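Asker: This structure is in structure tokens; I'll ask about it shortly.
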Amino acid sequence: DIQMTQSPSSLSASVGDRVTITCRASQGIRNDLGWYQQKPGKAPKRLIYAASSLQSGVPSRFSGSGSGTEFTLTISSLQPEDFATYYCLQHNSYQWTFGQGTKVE
Amino acid sequence: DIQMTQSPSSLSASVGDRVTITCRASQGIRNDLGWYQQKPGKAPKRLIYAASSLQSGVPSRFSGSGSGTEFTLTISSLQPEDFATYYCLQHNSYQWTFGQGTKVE
Amino acid sequence: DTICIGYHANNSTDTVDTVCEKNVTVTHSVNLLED
Amino acid sequence: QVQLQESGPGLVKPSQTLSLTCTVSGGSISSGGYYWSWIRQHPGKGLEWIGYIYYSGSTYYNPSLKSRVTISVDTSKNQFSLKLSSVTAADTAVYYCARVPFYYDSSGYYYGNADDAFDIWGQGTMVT
Amino acid sequence: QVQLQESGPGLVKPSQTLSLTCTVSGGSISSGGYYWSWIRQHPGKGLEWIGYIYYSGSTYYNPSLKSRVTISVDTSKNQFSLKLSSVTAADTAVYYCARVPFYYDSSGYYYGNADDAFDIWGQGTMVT
Amino acid sequence: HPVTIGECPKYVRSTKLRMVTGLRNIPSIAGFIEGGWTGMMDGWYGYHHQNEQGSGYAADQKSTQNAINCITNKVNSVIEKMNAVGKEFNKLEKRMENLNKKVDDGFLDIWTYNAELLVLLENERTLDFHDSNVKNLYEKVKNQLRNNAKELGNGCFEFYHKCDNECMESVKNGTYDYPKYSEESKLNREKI
Amino acid sequence: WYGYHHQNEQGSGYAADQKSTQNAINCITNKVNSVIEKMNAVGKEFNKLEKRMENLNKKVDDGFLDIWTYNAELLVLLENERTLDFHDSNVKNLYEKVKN
Ligand SMILES: *[C@@H]1O[C@H](CO)[C@@H](O[C@@H]2O[C@H](CO)[C@@H](O)[C@H](O)[C@H]2NC(C)=O)[C@H](O)[C@H]1NC(C)=O
Ligand SMILES: *[C@@H]1O[C@H](CO)[C@@H](O)[C@H](O)[C@H]1NC(C)=O
Ligand SMILES: *[C@@H]1O[C@H](CO)[C@@H](O)[C@H](O)[C@H]1NC(C)=O
């Protein structure tokens with residue numbers, strides 16, 4: 001019954017800005033976290049496996065770090081096609097719980 | 001209650017002579033013997049660690065060998081500043097026992 | 001009445017490299033390079 | 001390339017059951033390293049997990065929605081199916097079927113084809 | 001550089017106790033595995049072992065002279081002390097305090113500074 | 001710089017070359033399965049005991065001395081086994097200049113690769129050596145105690161009988177009397 | 001790569017230990033990438049009166065090739081044995097954990 005939290009819910013920045021975003025868990029989840037990017041009216045896509053490993057085909061501007069209770073995702077520079085919503089998904093136990101959601105604008 | 005023995009108690013030689021001196025133990029002491037050099041009216045100084053390893057700073061004229069019941073110390077060449085008394089200290093058990101003493105002249 | 005067997009640790013932050021893992025924290029290490 | 005697609009009625013009255021089928025096109029239901037999952041999203045809410053099944057028939061279901069759920073795998077037809085009940089206005093939502101790998105193998109040393117390490121998702125079907 | 005020195009009264013009548021304090025100047029009492037030992041020598045005799053203590057407080061004493069002996073370590077004052085009793089003319093002698101290392105590490109791999117692998121001895125105190 | 005005169009160290013194109021002499025640092029009483037001990041400062045391996053009279057740490061000096069000996073021999077062998085000023089050419093000796101660069105740049109790659117392999121394999125050997133030494137101490141304590149004590153997992157033993165300080169250091173130095181404390185252990189084992 | 005098999009009243013079936021398989025995948029990936037990473041001419045012409053320079057150039061070219069071939073064959077043959085011993089040790093750790 002582990003629950004996620006994300007902050008802040010809204011991110012507003014111009015093109016070329018660094019965005020550091022946090023996912024926080026109460027329990028001691030060891031590097032079990034993934035980041036999903038959802039376009040409006042479209043299925044999510046995977047970005048990071050196990051909070052520090054990028055999927056093949058992912059551009060190098062996306063990076064991830066963090067361990068234990070907290071994890072962070074960093075975007076070095078924005079683009080006009082980066083309007084999406086980002087979720088953090090844990091898979092420590094058999095129960096799967098997502099993040100609430102963080103809109104970027 | 002292990003007891004050491006040394007022989008002979010007196011050594012007389014000229015400058016440049018090799019001196020071989022023995023410390024003998026009854027029990028099977030595995031390389032646990034150290035050689036101390038005492039000036040008259042002065043504190044001793046360690047020469048050999050664990051019967052085969054010289055301490056840093058000791059000149060190379062001093063050498064040691066031996067194992068088990070018997071151990072030997074060899075001096076290649078004497079000097080006028082080598083007038084001292086030499087002891088063998090064992091630390092196999094928790095009890096520490098020294099040598100009786102060997103004066104060099 | 002217990003007896004346990006373990007090893008020794010300190011605060012050291014020296015990191016070495018192995019064939020499985022990179023950046024492995026060790027208690028003591030020696031350096032062989034001069035710069 | 002493996003593609004997952006969904007089929008369902010989409011016209012469900014209250015206090016009646018609901019069934020969807022996610023079907024596979026391409027490399028069929030592979031047997032080595034995948035979690036076949038259903039994840040849902042209400043329009044106007046966040047993503048919420050329904051449940052997953054392994055190839056052999058083991059199942060794991062959400063503790064909160066453990067009321068009337070059924071998941072089933074037909075290997076010969078390359079299909080798996082989900083069965084819900086008592087679909088109310090909170091349950092009228094968009095459903096997604098997904099293929100999540102067990103392991104992360106970036107350089108291709110466990111799963112041999114590079115594609116076999118991709119989290120391929122479904123198109124999504126809105127059921128009201 | 002670590003230096004050991006000794007302090008004591010030196011005027012002891014028969015059938016009365018005796019105390020000496022060996023103090024450390026320099027790198028203090030180090031938790032690195034050193035015997036902190038007292039070793040005595042009568043003027044006109046050989047070297048004889050009194051006993052040693054570790055940083056923790058474990059003590060080991062000579063079996064022959066286990067009559068009235070006490071050793072004690074004060075860490076904050078960087079001191080250790082030896083207590084004897086019934087000091088007769090055989091007990092009037094020279095006392096030395098010594099720091100014997102546990103291990104022999106010639107190249108500096110265990111104890112990091114190379115002065116930390118030295119058997120530093122005391123100056124010696126004549127007690128009559 | 002590769003051009004050196006005198007007694008000089010060998011040039012390599014490496015940024016870091018570090019060699020392990022100690023153990024892994026996993027901080028945080030259980031034994032070696034759970035982790036390492038910060039409070040032990042007088043050795044690399046050792047024991048922790050708790051009884052009626054008190055509790056405290058110790059050290060196994062003979063295993064630490066053997067570890068120090070292997071580490072010293074290994075690092076000295078690495079130093080011992082891996083024990084120019086420049087040339088000028090004119091415009092019509094280009095083949096000589098290219099051959100001289102080829103020789104100078106071909107030896108340096110080989111020596112850099114050899115140094116980096118030696119460090120990376122010897123680190124693994126050192127860490128496996130430390131793990132095997134801790135396992136050897138656990139096996140010796142198990143073999144001497146036999147059935148008088150209960151394993152809680154986690155490298156620890158529970159004494160069925162009463163074990164004071166002399167009993168603990170009799171287990172420690174390697175001379176433990178099996179028939180002396182058998183009967184109380186048998187009664188306490190059968191009564192549970 | 002590693003797993004369990006169980007049989008009881010309700011049925012029987014296989015499983016897998018994902019955390020040991022992930023550790024094995026990590027070591028194998030790091031090992032092969034290190035082998036690739038560590039081990040990261042057009043020809044010359046000489047006339048008849050420079051035979052010594054030609055022989056020196058062939059000595060250099062044929063002496064580097066032997067060293068690099070030996071280095072490659074030796075690295076592959078030690079890492080194969082290390083990989084197989086690593087897998088055997090992992091299976092032993094699983095058996096010890098279930099025993100304990
Ligand atoms: C291991 O420790 C035991 C004590 O548990 C030592 O036995 C002692 O030996 C001394 C000297 O002979 C005696 O004065 C003590 O009375 C003994 N203790 C007991 C409880 O009998 C034993 O000598 C030690 N072994 C080694 C090799 O040091
Ligand atoms: C570890 O702690 C000691 C305690 O005083 C300190 O002196 C030392 O600097 C610390 N080591 C590091 C690397 O910070
Ligand atoms: C290891 O640490 C160094 C320096 O802190 C860093 O440059 C490198 O990226 C790290 N490697 C990994 C795999 O984290």
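Starting from 1 in every chain, residues are counted up; chains themselves are A, B, ... following the order of the structure tokens, and ligands are numbered from 1 as listed.
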Ligand 2: which residues are within 7 Å, counting only C-alpha atoms and all ligand atoms, as a PyMOL selection string?

Answerer: chain C and resi 10-13

Asker: Can you check which parts of chain C lie within 12 Å of chain E? Per residue, the shortest pair of atoms and distance in Å to one decimal, counting only C-alpha atoms, sorted by chain and number, as a Markdown table.

Answerer:
```
| residue | atom | partner | partner_atom | distance |
| --- | --- | --- | --- | --- |
| C:27 | CA | E:110 | CA | 10.7 |
| C:28 | CA | E:110 | CA | 8.3 |
| C:29 | CA | E:109 | CA | 8.5 |
| C:30 | CA | E:109 | CA | 8.1 |
| C:31 | CA | E:109 | CA | 11.4 |
```

Asker: For the selection you just gave me, I'd like the residues written to a file as a tab-separated table (two decimals), in the first residue's frame, keeping C-alpha atoms.

Answerer:
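selection01.tsv written:
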```
chain	number	residue	atom	x	y	z
C	27	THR	CA	37.96	1.56	3.68
C	28	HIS	CA	41.61	1.86	2.61
C	29	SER	CA	43.31	2.30	-0.76
C	30	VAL	CA	46.68	3.22	-2.26
C	31	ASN	CA	47.49	5.47	-5.22
```

Asker: I'd like the superposed copy of chain A - fitted to chain B by least squares over all paired Cα atoms - as a short mmCIF file (atom, residue, chain, number, x, y, z; two decimals) with N, CA and C atoms, in the first residue's frame.

Answerer:
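Result file out.cif:
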```cif
data_model
loop_
_atom_site.label_atom_id
_atom_site.label_comp_id
_atom_site.auth_asym_id
_atom_site.auth_seq_id
_atom_site.Cartn_x
_atom_site.Cartn_y
_atom_site.Cartn_z
N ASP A 1 54.11 -20.24 30.61
CA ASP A 1 55.31 -20.29 31.44
C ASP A 1 56.53 -20.69 30.60
N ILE A 2 56.52 -20.28 29.34
CA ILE A 2 57.62 -20.61 28.43
C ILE A 2 58.83 -19.75 28.77
N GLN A 3 60.00 -20.40 28.85
CA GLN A 3 61.24 -19.74 29.23
C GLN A 3 62.20 -19.72 28.05
N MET A 4 62.97 -18.63 27.96
CA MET A 4 63.96 -18.45 26.91
C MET A 4 65.33 -18.86 27.42
N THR A 5 66.24 -19.16 26.49
CA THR A 5 67.64 -19.25 26.87
C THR A 5 68.51 -18.66 25.77
N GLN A 6 69.64 -18.09 26.18
CA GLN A 6 70.60 -17.48 25.27
C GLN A 6 72.00 -17.99 25.60
N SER A 7 72.84 -18.10 24.57
CA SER A 7 74.21 -18.57 24.74
C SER A 7 75.05 -18.09 23.57
N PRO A 8 76.29 -17.63 23.81
CA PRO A 8 76.92 -17.44 25.12
C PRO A 8 76.60 -16.09 25.74
N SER A 9 76.84 -15.94 27.04
CA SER A 9 76.47 -14.71 27.73
C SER A 9 77.40 -13.55 27.38
N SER A 10 78.64 -13.85 26.99
CA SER A 10 79.62 -12.83 26.66
C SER A 10 80.14 -13.07 25.25
N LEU A 11 80.19 -12.01 24.45
CA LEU A 11 80.73 -12.06 23.10
C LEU A 11 81.84 -11.02 22.99
N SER A 12 83.03 -11.45 22.58
CA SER A 12 84.17 -10.57 22.40
C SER A 12 84.73 -10.74 21.00
N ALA A 13 84.78 -9.65 20.24
CA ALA A 13 85.32 -9.67 18.89
C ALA A 13 85.81 -8.28 18.53
N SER A 14 86.63 -8.22 17.48
CA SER A 14 87.17 -6.97 16.99
C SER A 14 86.21 -6.33 15.99
N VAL A 15 86.62 -5.21 15.42
CA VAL A 15 85.79 -4.47 14.48
C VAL A 15 85.81 -5.19 13.13
N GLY A 16 84.63 -5.41 12.56
CA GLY A 16 84.51 -6.06 11.27
C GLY A 16 84.21 -7.54 11.32
N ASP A 17 83.87 -8.08 12.48
CA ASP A 17 83.63 -9.51 12.63
C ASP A 17 82.15 -9.83 12.55
N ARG A 18 81.85 -11.04 12.08
CA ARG A 18 80.47 -11.52 12.04
C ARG A 18 80.12 -12.19 13.36
N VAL A 19 78.99 -11.79 13.94
CA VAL A 19 78.52 -12.34 15.20
C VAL A 19 77.17 -13.00 14.96
N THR A 20 77.09 -14.30 15.25
CA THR A 20 75.85 -15.06 15.15
C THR A 20 75.43 -15.49 16.55
N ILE A 21 74.24 -15.08 16.96
CA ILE A 21 73.80 -15.23 18.34
C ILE A 21 72.44 -15.93 18.35
N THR A 22 72.23 -16.77 19.36
CA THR A 22 71.12 -17.71 19.36
C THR A 22 70.17 -17.46 20.52
N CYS A 23 68.88 -17.62 20.24
CA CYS A 23 67.84 -17.64 21.26
C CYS A 23 67.05 -18.93 21.07
N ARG A 24 66.92 -19.71 22.14
CA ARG A 24 66.35 -21.05 22.07
C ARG A 24 65.16 -21.15 23.02
N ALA A 25 64.09 -21.78 22.53
CA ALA A 25 62.86 -21.98 23.27
C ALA A 25 62.48 -23.45 23.24
N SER A 26 61.87 -23.92 24.34
CA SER A 26 61.46 -25.32 24.41
C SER A 26 60.21 -25.58 23.58
N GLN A 27 59.22 -24.70 23.65
CA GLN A 27 57.97 -24.92 22.95
C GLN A 27 58.08 -24.51 21.49
N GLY A 28 57.01 -24.81 20.74
CA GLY A 28 56.97 -24.52 19.32
C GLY A 28 56.45 -23.13 18.99
N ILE A 29 57.29 -22.11 19.28
CA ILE A 29 56.92 -20.68 19.04
C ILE A 29 57.10 -20.38 17.55
N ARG A 30 56.02 -20.08 16.85
CA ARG A 30 56.11 -19.85 15.39
C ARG A 30 56.50 -18.40 15.10
N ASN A 31 57.78 -18.12 14.85
CA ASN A 31 58.20 -16.76 14.41
C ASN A 31 57.61 -15.66 15.29
N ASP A 32 57.62 -15.82 16.61
CA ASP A 32 57.15 -14.73 17.48
C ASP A 32 58.33 -14.24 18.31
N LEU A 33 59.25 -13.48 17.73
CA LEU A 33 60.43 -13.11 18.50
C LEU A 33 60.92 -11.75 18.04
N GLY A 34 61.36 -10.94 19.00
CA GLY A 34 61.91 -9.63 18.70
C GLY A 34 63.23 -9.44 19.41
N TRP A 35 64.07 -8.59 18.83
CA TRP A 35 65.41 -8.33 19.35
C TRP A 35 65.51 -6.89 19.83
N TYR A 36 65.86 -6.72 21.10
CA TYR A 36 66.01 -5.41 21.71
C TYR A 36 67.47 -5.13 22.00
N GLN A 37 67.90 -3.92 21.69
CA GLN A 37 69.26 -3.45 21.92
C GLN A 37 69.23 -2.39 23.01
N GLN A 38 69.96 -2.62 24.10
CA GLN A 38 69.98 -1.71 25.23
C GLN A 38 71.36 -1.10 25.39
N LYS A 39 71.43 0.22 25.31
CA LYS A 39 72.61 0.97 25.69
C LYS A 39 72.71 1.03 27.22
N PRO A 40 73.91 1.24 27.76
CA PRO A 40 74.04 1.39 29.22
C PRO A 40 73.36 2.66 29.72
N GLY A 41 72.45 2.49 30.68
CA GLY A 41 71.69 3.59 31.24
C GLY A 41 70.71 4.24 30.28
N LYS A 42 70.05 3.45 29.45
CA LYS A 42 69.15 3.98 28.43
C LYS A 42 68.14 2.90 28.09
N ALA A 43 66.99 3.33 27.57
CA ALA A 43 65.91 2.42 27.23
C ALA A 43 66.28 1.53 26.04
N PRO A 44 65.72 0.32 25.97
CA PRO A 44 65.94 -0.53 24.79
C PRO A 44 65.27 0.02 23.55
N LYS A 45 65.72 -0.47 22.40
CA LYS A 45 65.15 -0.12 21.10
C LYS A 45 64.90 -1.38 20.30
N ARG A 46 63.83 -1.37 19.50
CA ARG A 46 63.49 -2.51 18.67
C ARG A 46 64.43 -2.61 17.47
N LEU A 47 64.76 -3.84 17.09
CA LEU A 47 65.52 -4.08 15.87
C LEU A 47 64.77 -4.93 14.87
N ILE A 48 64.29 -6.11 15.27
CA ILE A 48 63.67 -7.07 14.37
C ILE A 48 62.26 -7.36 14.86
N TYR A 49 61.29 -7.31 13.94
CA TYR A 49 59.92 -7.73 14.21
C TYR A 49 59.71 -9.13 13.67
N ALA A 50 59.14 -10.01 14.50
CA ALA A 50 58.70 -11.36 14.14
C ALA A 50 59.83 -12.22 13.58
N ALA A 51 61.05 -12.00 14.08
CA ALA A 51 62.28 -12.77 13.87
C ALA A 51 62.83 -12.73 12.45
N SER A 52 62.16 -12.09 11.50
CA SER A 52 62.69 -12.01 10.15
C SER A 52 62.44 -10.67 9.46
N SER A 53 61.83 -9.70 10.12
CA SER A 53 61.48 -8.43 9.49
C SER A 53 62.10 -7.30 10.29
N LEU A 54 62.87 -6.48 9.58
CA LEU A 54 63.56 -5.34 10.21
C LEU A 54 62.61 -4.16 10.31
N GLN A 55 62.80 -3.34 11.33
CA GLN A 55 62.06 -2.10 11.46
C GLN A 55 62.62 -1.07 10.48
N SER A 56 61.78 -0.10 10.11
CA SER A 56 62.23 0.99 9.24
C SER A 56 63.24 1.87 9.97
N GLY A 57 64.34 2.17 9.28
CA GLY A 57 65.44 2.91 9.86
C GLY A 57 66.59 2.05 10.36
N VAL A 58 66.37 0.75 10.51
CA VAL A 58 67.43 -0.16 10.96
C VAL A 58 68.44 -0.35 9.83
N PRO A 59 69.74 -0.23 10.09
CA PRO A 59 70.74 -0.48 9.04
C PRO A 59 70.77 -1.94 8.61
N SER A 60 71.23 -2.15 7.37
CA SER A 60 71.12 -3.46 6.72
C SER A 60 72.11 -4.49 7.25
N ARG A 61 73.05 -4.09 8.10
CA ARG A 61 74.01 -5.05 8.65
C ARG A 61 73.35 -6.03 9.61
N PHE A 62 72.27 -5.63 10.26
CA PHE A 62 71.54 -6.53 11.15
C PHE A 62 70.64 -7.44 10.33
N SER A 63 70.70 -8.74 10.59
CA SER A 63 69.82 -9.69 9.92
C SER A 63 69.36 -10.73 10.92
N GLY A 64 68.24 -11.37 10.62
CA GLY A 64 67.69 -12.38 11.50
C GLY A 64 67.16 -13.56 10.71
N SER A 65 67.19 -14.73 11.34
CA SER A 65 66.64 -15.94 10.75
C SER A 65 66.22 -16.87 11.88
N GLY A 66 65.63 -17.99 11.50
CA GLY A 66 65.28 -18.99 12.48
C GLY A 66 63.77 -19.19 12.57
N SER A 67 63.40 -20.35 13.10
CA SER A 67 62.00 -20.75 13.15
C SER A 67 61.85 -21.88 14.16
N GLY A 68 60.66 -21.96 14.74
CA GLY A 68 60.37 -23.05 15.66
C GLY A 68 61.06 -22.85 16.99
N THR A 69 61.87 -23.83 17.38
CA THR A 69 62.51 -23.81 18.69
C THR A 69 63.69 -22.86 18.76
N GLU A 70 64.38 -22.61 17.64
CA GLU A 70 65.60 -21.82 17.65
C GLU A 70 65.51 -20.64 16.69
N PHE A 71 66.16 -19.54 17.07
CA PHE A 71 66.27 -18.35 16.23
C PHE A 71 67.68 -17.79 16.37
N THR A 72 68.16 -17.14 15.31
CA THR A 72 69.50 -16.58 15.27
C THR A 72 69.48 -15.16 14.73
N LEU A 73 70.39 -14.34 15.25
CA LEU A 73 70.61 -12.98 14.80
C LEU A 73 72.05 -12.83 14.37
N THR A 74 72.27 -12.19 13.22
CA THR A 74 73.59 -12.06 12.62
C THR A 74 73.93 -10.59 12.43
N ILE A 75 75.12 -10.21 12.88
CA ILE A 75 75.69 -8.89 12.62
C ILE A 75 76.91 -9.10 11.73
N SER A 76 76.89 -8.47 10.55
CA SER A 76 77.96 -8.68 9.57
C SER A 76 79.25 -7.97 9.97
N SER A 77 79.16 -6.72 10.39
CA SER A 77 80.35 -5.94 10.72
C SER A 77 80.05 -5.05 11.91
N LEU A 78 81.00 -4.97 12.84
CA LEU A 78 80.82 -4.18 14.05
C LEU A 78 81.23 -2.73 13.82
N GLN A 79 80.89 -1.90 14.79
CA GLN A 79 81.24 -0.50 14.88
C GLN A 79 81.52 -0.19 16.34
N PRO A 80 82.24 0.90 16.63
CA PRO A 80 82.44 1.30 18.04
C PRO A 80 81.16 1.67 18.78
N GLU A 81 80.09 2.04 18.09
CA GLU A 81 78.83 2.38 18.74
C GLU A 81 77.92 1.17 18.94
N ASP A 82 78.43 -0.04 18.75
CA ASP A 82 77.64 -1.26 18.91
C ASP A 82 77.82 -1.90 20.27
N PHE A 83 78.38 -1.19 21.24
CA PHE A 83 78.51 -1.70 22.60
C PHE A 83 77.16 -1.61 23.29
N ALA A 84 76.49 -2.74 23.45
CA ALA A 84 75.13 -2.77 23.98
C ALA A 84 74.88 -4.14 24.59
N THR A 85 73.61 -4.42 24.90
CA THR A 85 73.18 -5.73 25.35
C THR A 85 71.93 -6.11 24.58
N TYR A 86 71.87 -7.35 24.09
CA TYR A 86 70.79 -7.77 23.22
C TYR A 86 69.90 -8.80 23.90
N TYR A 87 68.59 -8.59 23.81
CA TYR A 87 67.59 -9.46 24.42
C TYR A 87 66.65 -9.99 23.34
N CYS A 88 66.14 -11.20 23.55
CA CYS A 88 65.11 -11.78 22.70
C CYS A 88 63.81 -11.87 23.48
N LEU A 89 62.73 -11.37 22.89
CA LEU A 89 61.42 -11.31 23.52
C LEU A 89 60.43 -12.12 22.70
N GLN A 90 59.70 -13.01 23.37
CA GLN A 90 58.66 -13.79 22.74
C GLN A 90 57.29 -13.21 23.05
N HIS A 91 56.36 -13.37 22.10
CA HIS A 91 54.97 -13.00 22.32
C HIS A 91 54.01 -14.02 21.72
N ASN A 92 54.27 -15.31 21.94
CA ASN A 92 53.36 -16.35 21.45
C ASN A 92 52.07 -16.37 22.26
N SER A 93 52.17 -16.64 23.55
CA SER A 93 51.01 -16.62 24.42
C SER A 93 50.80 -15.20 24.95
N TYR A 94 49.88 -15.07 25.90
CA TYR A 94 49.68 -13.78 26.55
C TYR A 94 50.82 -13.46 27.52
N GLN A 95 51.56 -14.46 27.97
CA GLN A 95 52.70 -14.24 28.84
C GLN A 95 53.91 -13.79 28.02
N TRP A 96 54.59 -12.75 28.49
CA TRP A 96 55.78 -12.22 27.84
C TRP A 96 57.00 -12.55 28.69
N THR A 97 57.97 -13.23 28.10
CA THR A 97 59.22 -13.57 28.77
C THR A 97 60.39 -13.15 27.90
N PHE A 98 61.39 -12.54 28.52
CA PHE A 98 62.56 -12.00 27.84
C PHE A 98 63.71 -12.99 27.89
N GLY A 99 64.79 -12.64 27.19
CA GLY A 99 66.03 -13.35 27.34
C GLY A 99 66.81 -12.88 28.56
N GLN A 100 67.75 -13.71 28.99
CA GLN A 100 68.54 -13.38 30.18
C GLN A 100 69.52 -12.25 29.90
N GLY A 101 70.10 -12.23 28.71
CA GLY A 101 70.98 -11.15 28.30
C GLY A 101 72.32 -11.65 27.79
N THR A 102 72.83 -10.97 26.77
CA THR A 102 74.12 -11.31 26.16
C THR A 102 74.91 -10.02 25.97
N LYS A 103 76.00 -9.87 26.72
CA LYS A 103 76.84 -8.68 26.60
C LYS A 103 77.83 -8.84 25.46
N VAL A 104 78.03 -7.76 24.71
CA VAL A 104 78.98 -7.74 23.60
C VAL A 104 80.12 -6.79 23.96
N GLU A 105 81.34 -7.20 23.63
CA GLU A 105 82.53 -6.40 23.92
C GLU A 105 83.63 -6.67 22.91
#
```

Asker: Name the residues, by chain letter and number, that sit within 8 Å of ligand 3 using only C-alpha atoms and all ligand atoms, and give them as a PyMOL selection string.

Answerer: chain C and resi 15+21-23

Asker: What's the separation between atom 2 (O, counted along the ligand's line) of ligand 1 and CA of residue 165 in chain F, in Å to one decimal place?

Answerer: 10.2 Å

Asker: Using only C-alpha atoms and all ligand atoms, what are the residues with an atom within 8 Å of ligand 1, set out as a PyMOL selection string?

Answerer: (chain B and resi 1+92-95) or (chain E and resi 63) or (chain F and resi 166-176)

Asker: Enter the distance from CA of residue 26 in chain F to CA of residue 23 in chain G, in Å, rounded to one decimal.

Answerer: 18.3 Å

Asker: Please compute the CA of residue 61 in chain E-CA of residue 106 in chain E distance, one decimal, in Å.

Answerer: 29.0 Å

Asker: May I have a table of the residues of chain C lying at most 7 Å from chain F, giving each one's closest pair of atoms and their distance in Å to one decimal, counting only C-alpha atoms, ordered by chain and ascending residue number, as a tab-separated table?

Answerer:
```
residue	atom	partner	partner_atom	distance
C:1	CA	F:51	CA	4.5
C:2	CA	F:158	CA	4.9
C:3	CA	F:49	CA	4.7
C:4	CA	F:156	CA	4.3
C:5	CA	F:47	CA	4.9
C:6	CA	F:32	CA	4.3
C:7	CA	F:45	CA	4.6
C:8	CA	F:37	CA	5.1
C:9	CA	F:38	CA	4.9
C:10	CA	F:38	CA	5.7
C:16	CA	F:18	CA	6.3
C:17	CA	F:120	CA	6.5
C:18	CA	F:120	CA	5.4
C:19	CA	F:120	CA	6.7
C:25	CA	F:25	CA	5.7
C:26	CA	F:24	CA	4.6
C:27	CA	F:22	CA	5.4
C:28	CA	F:22	CA	4.6
C:29	CA	F:20	CA	4.6
C:30	CA	F:19	CA	5.3
C:31	CA	F:18	CA	4.9
C:32	CA	F:17	CA	5.9
C:33	CA	F:17	CA	6.0
```

Asker: With only C-alpha atoms as the counted atoms, please give the residues lying no more than 9 Å from residue 79 in chain D, apart from itself and same-chain residues fewer than 5 positions off, as a list in words.

Answerer: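 My list of contacting residues is residues 21, 22, 23, 24, 28, 29, 72, 73 and 74 of chain D.
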
Asker: If you run DSSP on this backbone, which residues of chain E come out as strand (DSSP E or B), and could you give them as an MDAnalysis selection string?

Answerer: chainID E and resid 3:7 18:25 34:41 47:53 59:61 70:74 79:84 93:101 120:121 125:127

Asker: Which residues come within 8 Å of residue 99 in chain D, counting only C-alpha atoms, excluding same-chain residues fewer than 5 positions away, as a count of residues only?

Answerer: 7
